[PDB]
Amino acid sequence: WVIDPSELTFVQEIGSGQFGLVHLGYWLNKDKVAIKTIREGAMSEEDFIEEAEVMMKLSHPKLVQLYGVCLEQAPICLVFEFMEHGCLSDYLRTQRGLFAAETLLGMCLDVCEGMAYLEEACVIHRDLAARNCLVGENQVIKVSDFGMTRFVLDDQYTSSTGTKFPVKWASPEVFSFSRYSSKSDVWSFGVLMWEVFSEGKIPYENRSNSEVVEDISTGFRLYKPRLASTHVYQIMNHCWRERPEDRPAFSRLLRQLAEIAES
Ligand SMILES: NC(=O)Nc1cn(-c2cccc3ccccc23)nc1C(N)=O
Ligand SMILES: NC(=O)Nc1cn(-c2cccc3ccccc23)nc1C(N)=O
């Protein structure tokens, strides 16, 4: 799963990510690619390479394909399928006011299809959010970065008590005990649905991390976005049930969301 540096060419910079630069490039005899350079010390590289044999086999039309790793010299880089329209969060904000309700539900269905595949594969995403979803040809949405937080070395991001912890997308058992499951991914998915129907608004903007924990623990939930129907908002609330056992599985959500789309 190792890509030799002689098999990669960098064409143009497309931006800056959490761990370094992202470039548009080519992979010899394969395809056009997105290459993410990873700063030394940002991830547990040895742990990551160890799991490639099993994880690289994961493949689905609604998942961004990781093609391989270039590790001859530091900084290392990850080579991915190129997604023409970039991150979902930015795409929603740039096109705000131009979306039909059916297009927004369709985006949620694509994410749900990818997540149902990961659920069946017994793979936990751990940080599902619009910022981790990509937009491809003909507005297809694909999920990316599943399981990556298991390798991140910044304690301020990974610890539930950390200053940069993504509390806004965390279920109560995640913010309390780092208890991850496909059911904690369902909670995150409900928040992702709110980001989609609000056209890229940031959840709980008027609250600090501790205020979010206190509000959620006392039963408060995000308000219904204007573009979300009462049936769609009911599904969002099912993702936000306090007990993980009471939340629907992704296989169940996929059937329920598909029924809403058709009718
Ligand atoms: N056209 C694009 O902007 N594509 C892409 C943008 N990205 C990015 C994903 C996550 C964070 C990023 C930060 C900065 C620039 C690109 C990023 N990945 C792709 C991809 N895999 O094609
Ligand atoms: N867009 C992505 O993040 N894709 C992917 C990420 N991963 C991985 C997730 C977690 C740990 C991994 C360890 C090694 C190689 C791939 C991994 N596998 C894929 C894949 N098979 O496409």
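We count ligands from 1, going down the list as the structure has it; atoms in each ligand are counted the same way. Sequence positions, counted from 1, serve as the residue numbers for this chain. Only this structure's heavy atoms are used, side chains among them; waters, hydrogens and symmetry mates stay out.
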Practice task
Working to the nearest 0.5 Å, report the span between CG of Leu222 and CH2 of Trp194.
Solution key: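 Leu222 atom CG to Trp194 atom CH2 measures 5.5 Å (nearest 0.5 Å).
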Exercise for the section: To the nearest 0.5 Å, tell me how far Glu72 CD sits from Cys70 SG. Expected result: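 These two atoms lie 7.0 Å from each other.
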Exercise for the section: Pick whichever of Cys133, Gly15, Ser16 has a heavy atom sitting closest to atom 13 (C) of ligand 1. Expected result: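 Checking each option, the heavy atom nearest atom 13 (C) of ligand 1 is found in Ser16.
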Handout entry: Pick from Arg131, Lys32, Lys36: the one approaching atom 10 (C) of ligand 1 most closely through a non-hydrogen atom
Key =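 It is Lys36 whose heavy atom sits nearest to atom 10 (C) of ligand 1.
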Exercise for the section: Specify whether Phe146 and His125 have parallel, tilted or perpendicular ring planes, treating 30° as the upper limit for parallel and 60° as the lower limit for perpendicular. Expected result: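 Aromatic pair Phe146/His125 classed perpendicular.
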Problem - Parallel, tilted or perpendicular, as decided by the 30° and 60° cut-offs, for the rings of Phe48 and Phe151 - result: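 Taking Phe48 first and then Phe151, their aromatic rings stand perpendicular (interplane angle over 60°).
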Practice task
Salt-bridge test for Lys201 and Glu205: reply yes if a basic N is under 4.0 Å from a carboxylate O, no otherwise.
Solution key: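 Judged by the 4.0 Å cut-off on N to carboxylate O distance, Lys201 and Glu205 do not form a salt bridge.
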Handout entry: Presence of salt bridge, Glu262 and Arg255, under 4.0 angstrom
Key =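 No, no charged N to carboxylate O under 4.0 Å.
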Handout entry: Sub-4.5 Å side-chain heavy-atom contact between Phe175 and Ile216
Key =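 Touching, per the 4.5 Å side-chain cut-off.
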Handout entry: Side-chain heavy atoms of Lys168 within contact of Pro203, under 4.5 Å
Key =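 Yes, close enough: below the 4.5 Å cut-off.
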Output yes when the distance from some N or O of ligand 2 to some N or O of [X] is under 3.5 Å, and no in every other case.
X	value
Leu66	yes
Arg150	no
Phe48	no
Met55	yes
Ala52	no

What is the closest protein heavy atom to [atom], and at what distance does it sit?
atom	answer
atom 8 (C) of ligand 1	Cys87 SG, 3.9 Å
atom 3 (O) of ligand 1	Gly86 CA, 3.4 Å
atom 17 (C) of ligand 1	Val22 CG2, 3.9 Å
atom 7 (N) of ligand 2	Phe146 CE1, 3.8 Å
atom 22 (O) of ligand 1	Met83 N, 2.6 Å

Which of the atoms in ligand 2, numbered in the order shown and given with their element, are less than 4.0 Å from a heavy-atom of [X]?
X	value
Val64	1 (N), 2 (C), 4 (N), 22 (O)
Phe80	1 (N), 2 (C), 3 (O)
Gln65	20 (C), 21 (N), 22 (O)
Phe151	10 (C), 11 (C)

Problem - Ligand-side contact atoms (ligand 1) for residue partner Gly17, heavy atom cut-off under 4.0 Å - result: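 Those qualifying, in numeric order: 13 (C), 14 (C).
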Problem - Subset of ligand 1 atoms that lie under 4.0 Å from at least one heavy atom of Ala34 - result: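 The atoms of ligand 1 under 4.0 Å from a heavy atom of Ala34 are 20 (C), 21 (N), 22 (O).
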Exercise for the section: Apply side chain to side chain contact (heavy atoms under 4.5 Å, CB included) to the pair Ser171 and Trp240, showing each step before the final yes or no. Expected result: CA-CA 8 Å; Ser171 61; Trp240 310 322; over 6 Å; no
Establish, from distance only, whether the side-chain atoms of [X] and [Y] form a donor-acceptor pair under 3.5 Å.
X	Y	result
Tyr91	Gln139	yes
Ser159	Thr161	yes
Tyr180	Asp127	no
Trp169	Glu195	yes

Handout entry: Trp1 heavy atom under 4.0 Å from ligand 2
Key =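 No heavy atom of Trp1 comes that close to ligand 2.
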Exercise for the section: Assess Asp145 for proximity to ligand 2: is some non-hydrogen atom of it under 4.0 Å away? Expected result: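 Yes.
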Handout entry: For ligand 1, the portion of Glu81 having any non-hydrogen atom under 4.0 Å away
Key =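 For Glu81, only backbone atoms sit under 4.0 Å from ligand 1.
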Practice task
Please work out whether any backbone atom (N, CA, C, O) or any side-chain heavy atom from C-beta onward of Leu134 is under 4.0 Å from ligand 1, and answer side chain, backbone, both or neither.
Solution key: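 The side chain, only.
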